[PDB]
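In what follows, a single structure is set out as structure tokens and then discussed.
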Amino acid sequence: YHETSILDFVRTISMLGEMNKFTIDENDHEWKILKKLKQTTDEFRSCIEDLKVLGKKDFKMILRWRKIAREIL
Amino acid sequence: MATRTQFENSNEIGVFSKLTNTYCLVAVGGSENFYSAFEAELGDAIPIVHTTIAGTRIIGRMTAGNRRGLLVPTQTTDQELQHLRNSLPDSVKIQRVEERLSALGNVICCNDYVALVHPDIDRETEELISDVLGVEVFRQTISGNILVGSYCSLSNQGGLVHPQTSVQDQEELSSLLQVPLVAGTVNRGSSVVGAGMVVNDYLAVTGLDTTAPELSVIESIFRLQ
Amino acid sequence: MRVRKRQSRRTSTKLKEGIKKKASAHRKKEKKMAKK
Amino acid sequence: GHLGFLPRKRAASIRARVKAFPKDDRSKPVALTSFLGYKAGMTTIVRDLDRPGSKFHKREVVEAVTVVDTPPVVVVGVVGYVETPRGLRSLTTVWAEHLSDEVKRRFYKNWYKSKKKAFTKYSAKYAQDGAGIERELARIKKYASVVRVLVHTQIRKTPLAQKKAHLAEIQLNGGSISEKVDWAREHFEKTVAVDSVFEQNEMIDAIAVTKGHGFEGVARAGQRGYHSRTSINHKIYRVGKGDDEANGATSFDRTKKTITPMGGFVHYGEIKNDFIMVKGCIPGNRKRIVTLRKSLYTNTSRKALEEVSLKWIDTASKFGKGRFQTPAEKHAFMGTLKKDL
Amino acid sequence: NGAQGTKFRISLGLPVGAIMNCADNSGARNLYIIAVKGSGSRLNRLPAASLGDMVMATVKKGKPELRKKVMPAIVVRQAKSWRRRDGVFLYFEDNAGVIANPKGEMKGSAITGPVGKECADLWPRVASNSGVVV
Amino acid sequence: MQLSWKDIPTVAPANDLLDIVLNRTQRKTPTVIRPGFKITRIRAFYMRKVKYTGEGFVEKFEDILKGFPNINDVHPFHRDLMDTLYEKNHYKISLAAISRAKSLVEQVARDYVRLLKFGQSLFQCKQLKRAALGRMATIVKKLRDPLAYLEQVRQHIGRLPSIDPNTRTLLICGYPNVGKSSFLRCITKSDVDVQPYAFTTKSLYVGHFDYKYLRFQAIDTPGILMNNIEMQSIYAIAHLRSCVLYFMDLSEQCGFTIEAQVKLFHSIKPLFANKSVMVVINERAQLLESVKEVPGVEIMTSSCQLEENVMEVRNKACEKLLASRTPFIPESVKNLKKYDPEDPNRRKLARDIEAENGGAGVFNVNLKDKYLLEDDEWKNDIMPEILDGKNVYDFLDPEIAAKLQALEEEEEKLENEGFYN
Amino acid sequence: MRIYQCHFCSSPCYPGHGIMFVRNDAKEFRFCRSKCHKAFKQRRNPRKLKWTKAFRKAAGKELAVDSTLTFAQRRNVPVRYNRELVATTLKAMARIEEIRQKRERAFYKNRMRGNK
Amino acid sequence: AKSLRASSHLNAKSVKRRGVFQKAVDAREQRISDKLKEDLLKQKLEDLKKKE
RNA sequence: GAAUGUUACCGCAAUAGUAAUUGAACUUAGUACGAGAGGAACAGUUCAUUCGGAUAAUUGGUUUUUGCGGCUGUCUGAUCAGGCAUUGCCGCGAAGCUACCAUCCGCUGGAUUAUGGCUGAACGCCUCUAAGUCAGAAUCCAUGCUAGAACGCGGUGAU
RNA sequence: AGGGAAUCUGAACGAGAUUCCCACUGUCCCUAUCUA
């Protein structure tokens with residue numbers, strides 16, 4: 001049972017398989033930037049917590065999201 | 001004060017009972033001799049509670065507690081929680097704890113001042129043991145044995161660890177607890193020393209297969225007579 | 001109790017006639033053995 | 001298979017008759033020995049278990065129970081049997097002078113075509129100071145070692161579309177044959193309730209014709225089902241009442257509800273009268289007439305002596321899946337709907 | 001031997017020839033069942049274990065120290081829908097079992113994941129080496 | 001194997017042994033064949049019987065051979081102890097006769113089966129089978145003496161004591177009927193007769209006791225004046241890692257001169273020279289100092305009538321054998337008395353409650369009446385726990401009336417506003 | 001006795017209905033019917049499927065934040081049973097149910113405005 | 001195992017049946033016959049409803 | 001299934017079959033017994049194994065309710081409806097049927113066998129047997145459990 | 001714009017054969033239901 005931050009996931013398909021919990025932490029200024037998006041709303045918050053309940057369509061909701069976060073970097 | 005008894009012909013006392021300074025918790029077995037074993041030695045002074053957790057006899061290795069408080073896991077029903085509150089005096093608090101882990105007797109090894117915990121426990125309970133029990137909390141390992149409760153007997157007077165504990169680990173760990181520690185056994189060389197005996201500041205109850213050379217060590221380190 | 005199987009007293013014709021042949025055989029032996 | 005349950009053939013009728021009766025003590029008060037109803041229903045109960053010595057002492061157990069519908073049985077006669085070297089022999093039966101439409105229906109296979117002229121001359125035979133009826137009742141009291149009660153069911157108070165009630169014979173285990181025949185005299189045209197035969201924590205043996213499966217293929221081919229089976233030692237969990245609302249209420253649940261599920265039982269109606277909630281599963285299907293006898297003998301173990309403390313009655317939808325106990329809890333959880341507002 | 005009190009019927013999910021995971025920190029990762037101790041006997045029926053039943057099982061993927069010897073194994077995770085007396089039917093994620101001596105004493109020092117309620121009740125020393133129950 | 005041997009399958013007296021093995025081959029094998037069958041089934045019939053009786057005798061013989069302890073392979077004390085109690089040569093002669101007889105029976109069975117596959121009639125085949133089992137019977141009839149010996153040795157070795165040559169031992173010696181029987185009588189729980197004659201005791205009686213948290217065993221002995229009973233004592237002194245407690249009677253009792261005890265002590269001196277001797281007294285006084293001339297001896301004066309000095313002898317023996325922040329305690333516990341089991345006046349436990357209420361598994365413990373409440377009229381708790389789809393315990397708090405009235409204020413703040421039209 | 005919530009629906013799970021599922025992580029997934037259980041097995045988003053309550057909360061077809069809904073808390077610190085403190089709850093629960101029903105009805109009116 | 005018709009178990013169960021085991025059934029029977037006697041009076045009141 | 005007036009209801013039971021099985025768990029116990037190592041049994045209660053009789057409250061399974069929905073193709077000139085696909089394919093799924101893959105239930109009195117006995121002859125002792133006599137196996141026969149003789153019978157309703 | 005690895009046979013082979021490793025399945029444990 002593994003736990004990492006979302007920011008650790010961004011900087012790296014291969015990540016999501018071994019993982020169970022990505023964590024939301026508001027104290028980082030980086031997450032405050034990621035909060036102010038058209039993403040990170042509408043179903044995305046619960047999708048973070050339960051990674052093995054998802055399926056293919058909700059994996060692509062994150063794999064599209066990572067590239068949005070990489071372009072901000 | 002070292003009493004030697006059994007529950008339904010079982011030497012593992014700590015599995016089927018939790019005994020502290022202010023209360024004693026017993027399982028409802030068919031044989032009442034285990035309840036009468038404590039009622040002989042403790043009388044009507046400290047309350048002996050006929051109790052279950054989640055409909056399990058295995059109470060002592062499922063619960064945590066000292067003179068100030070009592071912790072039960074998630075699986076405790078509201079009827080059992082009602083029953084424990086009714087039976088107990090108002091000096092002792094009761095709180096149900098929601099966790100990854102449910103065997104609290106294996107996770108919270110404590111006395112009235114100190115506490116040892118599992119290294120992988122959540123932060124919420126770490127700040128709840130500090131409040132309800134009012135004791136110092138340490139994520140400490142006993143010689144690579146990750147479960148602190150079953151492999152460490154503990155009191156305000158002294159403690160007892162399993163014989164595989166290193167000398168370096170004895171000195172380091174007794175520095176944390178501030179009590180003298182001796183590596184010993186129970187029930188003729190059983191390594192499970194936490195569930196092999198229940199203890200407080202004035203009584204030590206072992207199983208009927210604990211030999212006298214071991215029993216003298218128990219009496220010595222807990223400083224009864 | 002479980003009452004076990006009873007032996008018959010019906011002597012079959014093969015038994016009865018074979019009894020006669022065995023009897024007459026015992027005669028022919030006894031007449032020879034009388035001479036020695 | 002089991003060589004005792006042979007010949008494995010179709011029964012004589014749906015109403016299987018009770019083969020043996022509980023003994024007799026000639027000092028006990030007069031009381032019925034067997035009762036009948038209509039089995040239709042099955043449901044889940046939880047209870048805390050006060051069965052000492054068990055792994056579940058002071059714990060809670062979920063278990064399956066069956067609901068037989070039992071309208072108040074009505075007495076319409078009495079039979080007296082003499083003890084012979086040939087068995088028993090009925091010498092005299094006596095009836096109730098004025099019987100229901102249901103039983104005069106039982107006497108015909110085609111009800112509508114008949115002039116309904118059943119007990120006309122028998123009721124006219126009564127029509128005086130008695131004289132012949134009291135003569136036949138003297139005939140029963142003088143002889144007749146055992147006395148059995150003719151009863152019938154209240155079929156109309158049951159949701160069944162049958163209209164035709166079942167006659168039965170129920171012996172009496174109350175001593176002094178005089179008190180047997182005179183209990184009967186006090187009970188012509190009258191009805192007998194369920195809880196005047198049974199109560200809670202009582203073992204019974206429910207007898208039923210076992211759910212017909214038709215033709216089937218030494219392990220031999222032929223008939224499967226529709227056999228008259230006696231199953232013994234089913235504990236009565238609850239005796240109920242029709243007029244009394246909150247039958248589904250326990251000591252714990254205490255919500256005003258009937259044990260009847262939402263939209264009733266499957267293939268059978270609600271409950272509008274007295275019932276027996278018996279533990280386990282009684283033979284036969286729903287809509288099936290069962291005859292409940294009582295134990296034959298003193299059958300006391302701790303499975304017969306213990307008191308049942310019923311905690312909750314499942315009244316969720318058996319037709320479909322179960323999510324709500326009351327209709328009130330469906331539209332409380334749901335919110336308000338389209339056709340509501 | 002070892003089992004405390006009576007033992008009641010729960011559904012059978014692990015027959016002979018089933019590979020379950022190993023849960024203690026002894027060294028083994030998986031376990032292959034070969035025989036079930038205290039089972040019924042039909043014609044043609046395989047011996048089927050359940051949660052909290054001592055089976056004779058061999059290590060297939062683990063340390064060579066734990067191999068070379070067929071040893072007792074108590075099943076702690078079932079993953080087949082058994083029934084509790086408190087209403088619910090439940091099942092786990094995977095089949096798992098822990099290795100012990102014939103007396104019922106554990107070789108490992110801690111058991112990973114959830115341990116079944118019935119298994120922890122019957123076997124005391126499994127509940128001694130338990131992190132999670134239920 | 002180890003210390004003792006009670007677990008031996010019994011030894012039949014060679015006549016009954018025949019009546020066991022031969023009757024079993026009559027009961028367990030098929031017994032009825034016609035002469036009119038095929039020759040192959042006649043052959044296979046009698047072959048099956050010769051072989052089955054073969055396995056029969058061999059099974060019984062193997063039980064004897066594996067059962068009895070391999071005398072010269074066990075332990076030097078036991079090798080010699082059995083040699084004293086039984087004629088060791090004859091003990092090996094007897095077991096050699098069984099090992100011989102088993103190989104004989106094996107040879108007979110293997111012979112007559114091989115001879116049996118050539119039988120031409122049922123008569124010839126019958127004569128060969130009768131020949132086989134009769135020959136086996138003759139072999140077992142030649143064993144009437146060694147098996148009669150083996151039953152007696154089985155019975156008497158089955159009752160022999162278990163001494164451990166690796167635990168801390170202490171031999172108890174002296175002249176026969178000095179008073180050493182009273183010593184072991186008053187040190188432990190072992191019934192040894194103090195009958196007023198010479199050889200009362202006939203073997204090595206053992207007594208266990210515990211001192212300084214350790215297992216001790218004191219071995220009583222018959223005594224030394226040579227006999228099988230007498231040599232048993234001497235070899236117990238010789239082969240056991242022990243200390244010897246030679247006892248002396250400085251009195252008119254025993255019926256032997258103290259000078260003869262001096263002569264015997266200095267004569268048996270060589271074999272207990274390595275064992276660190278203790279001597280206990282239960283011109284004239286000078287000849288006790290003649291006993292003191294031995295390198296390793298100590299002298300003590302004691303009386304068996306008093307129970308202190310008998311214990312002190314033990315203390316010195318065991319001592320020779322070893323060298324060879326504040327806790328929380330409630331005052332309700334401190335003020336509480338101890339539980340005396342034979343007291344007419346004490347509190348009744350739940351154990352006595354269930355007996356008075358009748359039975360162990362029939363009494364249901366009331367969980368109620370044992371818990372603390374404000375009013376004991378509501379002790380018999382019902383507690384609903386569920387009301388209409390939602391469980392009570394989730395809704396259950398203190399100050400729910402004030403919290404409800406807060407929601408009642410939140411009613412009237414939405415009542416006049418006009419949300420319900 | 002406990003009346004639970006379905007992990008998919010958030011519908012009332014009565015004792016002796018549906019299936020509890022336990023992970024290797026060991027948390028409880030109680031279900032009310034095999035409709036919800038197979039919906040979970042298929043690894044679906046509940047909040048996407050319309051017939052669940054998880055959808056109706058986030059989409060706001062029903063109410064989420066309310067003072068009546070804050071009293072259905074998973075409560076932990078236990079009470080010593082007062083006859084009065086239970087008699088008050090029996091009428092409190094029947095009261096809060098009435099108010100919650102009237103508030104939800106008002107929420108449905110405030111949502112269904114602008115259709116007439 | 002002892003059979004269903006094992007003589008000693010039948011005698012041990014007869015030791016039971018002369019104690020508590022019958023007495024509870026002989027109290028239950030009295031409560032059943034009581035309510036049966038109560039069932040006459042109700043019907044007699046409904047006789048007097050029409051007789052009124 | 002004709003027949004024994006017809007016809008209907010309630011019955012009786014000759015006869016024939018028959019069924020339960022084994023394991024251990026808690027007290028009784030760490031007592032009897034034991035140098036120690038160890039270590040019982042009856043009475044009380046609790047489960048399970050095999051076998052049988054059932055039953056579908058729930059779980060799982062199952063679907064020409066082809067119930068609803070989705071996909072692929074194909075026709076009405078396009079939407080919607082579907083025509084259609086050797087049941088085109090996919091998801092869920094009621095009712096029904098169903099699984100130690102589910103759940104429930106499965107007995108108590110006499111007569112005996114081996115054996116242990118009582119009184120007691122034969123035989124001026126004795127002797128369990130000869131005349132008598134008590135106990136005593138999972139045995140037998142009953143109770144219970146299944147069919148009802150269609151040429152066994154009975155009682156009762158209807159002119 | 002079904003695998004993979006060896007070996008026996010005439011380095012890949014050839015629907016050659018055998019053995020093992022991995023995956024799969026009502027062949028079975030243990031059958032259950034539906035359609036023609």
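Ordered as shown in the structure tokens, chains take letters A, B, and onward, while each chain numbers its residues from 1 and ligands are numbered from 1 in the order shown.
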Item to check | Residues within 10 Å of segment 121-128 of chain E, only C-alpha atoms (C1' of nucleotides), excluding chain neighbours under 6 positions, as number ranges by chain | outcome: B: 10, 12, 14-16, 55-58, 61-62, 103, 105-106, 147, 149-151, 192, 194-196; D: 55; E: 2-8, 24, 52-54, 74, 76, 98-100, 104-106, 108-111, 115
Can you check which residues of chain D have any atom within 8 Å of chain E? Use only C-alpha atoms and format it as a PDB file with N, CA and C atoms, in the first residue's frame.
ATOM      1  N   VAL D  46     -33.135 -10.718  13.015  1.00  0.00           N
ATOM      2  CA  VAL D  46     -31.967 -10.704  13.901  1.00  0.00           C
ATOM      3  C   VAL D  46     -32.433 -10.831  15.353  1.00  0.00           C
ATOM      4  N   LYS D  55     -20.545 -20.257  21.293  1.00  0.00           N
ATOM      5  CA  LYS D  55     -19.658 -19.216  20.778  1.00  0.00           C
ATOM      6  C   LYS D  55     -20.399 -17.902  20.516  1.00  0.00           C
ATOM      7  N   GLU D  60     -25.177 -11.430  18.631  1.00  0.00           N
ATOM      8  CA  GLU D  60     -26.372 -11.305  17.788  1.00  0.00           C
ATOM      9  C   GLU D  60     -26.327 -12.237  16.578  1.00  0.00           C
ATOM     10  N   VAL D  61     -27.447 -12.916  16.327  1.00  0.00           N
ATOM     11  CA  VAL D  61     -27.575 -13.871  15.217  1.00  0.00           C
ATOM     12  C   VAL D  61     -28.697 -13.477  14.248  1.00  0.00           C
ATOM     13  N   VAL D  62     -28.354 -13.437  12.963  1.00  0.00           N
ATOM     14  CA  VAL D  62     -29.328 -13.300  11.880  1.00  0.00           C
ATOM     15  C   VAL D  62     -29.798 -14.703  11.468  1.00  0.00           C
TER      16      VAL D  62
END
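Using only C-alpha atoms (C1' of nucleotides), the contacts of residue 47 of chain A at a cut-off of 10 Å, with sequence neighbours closer than 5 positions omitted, comprise residues 21, 22, 40, 42, 52, 53, 54, 58, 59, 61 and 62 of chain A; 45 of chain G.
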Using only C-alpha atoms, please write the residues we just selected to a file, as a JSON list (two decimals), in the first residue's frame.
[["chain", "number", "residue", "atom", "x", "y", "z"],
["A", 21, "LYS", "CA", -3.39, 7.09, -2.91],
["A", 22, "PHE", "CA", -2.29, 10.40, -4.35],
["A", 40, "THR", "CA", -9.27, 19.70, -10.76],
["A", 42, "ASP", "CA", -16.01, 17.90, -11.67],
["A", 52, "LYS", "CA", -8.07, 1.23, -8.33],
["A", 53, "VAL", "CA", -11.83, 1.99, -8.58],
["A", 54, "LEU", "CA", -11.32, 4.04, -11.78],
["A", 58, "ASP", "CA", -10.87, 7.86, -15.67],
["A", 59, "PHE", "CA", -7.18, 7.02, -16.28],
["A", 61, "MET", "CA", -8.85, 11.99, -17.17],
["A", 62, "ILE", "CA", -5.50, 11.97, -15.31],
["G", 45, "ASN", "CA", -17.60, 6.13, -11.35]]
Checklist entry - Can you list, as a PyMOL selection string, every residue of segment 21-109 of chain B that DSSP puts in alpha helix (DSSP H)? => result chain B and resi 33-41+78-87
Next on the checklist: List as a PyMOL selection string the protein and nucleic acid residues near residue 107 of chain D, meaning an atom at most 6 Å away when only C-alpha atoms (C1' of nucleotides) are counted, but skip any in the same chain fewer than 2 places from it.
Outcome noted: (chain D and resi 104-105) or (chain I and resi 8-9)
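Shell of residue 52 of chain B at 9 Å, with only C-alpha atoms (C1' of nucleotides) counted and residues fewer than 4 places along the chain excluded, is residues 25, 26, 27, 28, 56, 57, 58, 59, 76 and 80 of chain B; 58 and 59 of chain D.
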Next on the checklist: I want to know what sits within 8 Å of segment 19-24 of chain H, based on only C-alpha atoms (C1' of nucleotides), with residues of the same chain fewer than 3 positions away left out; could you give that as an MDAnalysis selection string?
Outcome noted: (chainID D and resid 298:301 305) or (chainID H and resid 15:16 27:28)
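Using only C-alpha atoms for every distance, the candidate list D:297, D:76, D:213, D:151 yields D:297 as the residue closest to residue 17 of chain H.
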Checklist entry - Which distance in Å separates atom CA of residue 68 of chain A and atom CA of residue 12 of chain A, to one decimal? => result 13.9 Å
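Using only C-alpha atoms (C1' of nucleotides), the contacts of residue 68 of chain B at a cut-off of 9 Å, with sequence neighbours closer than 5 positions omitted, comprise residues 22, 91, 92, 93, 112, 132, 133 and 134 of chain B.
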Next on the checklist: So the first atom is atom CA of residue 15 of chain C and the second is atom CA of residue 40 of chain F; what is the distance between them in Å, to one decimal place?
Outcome noted: 27.5 Å
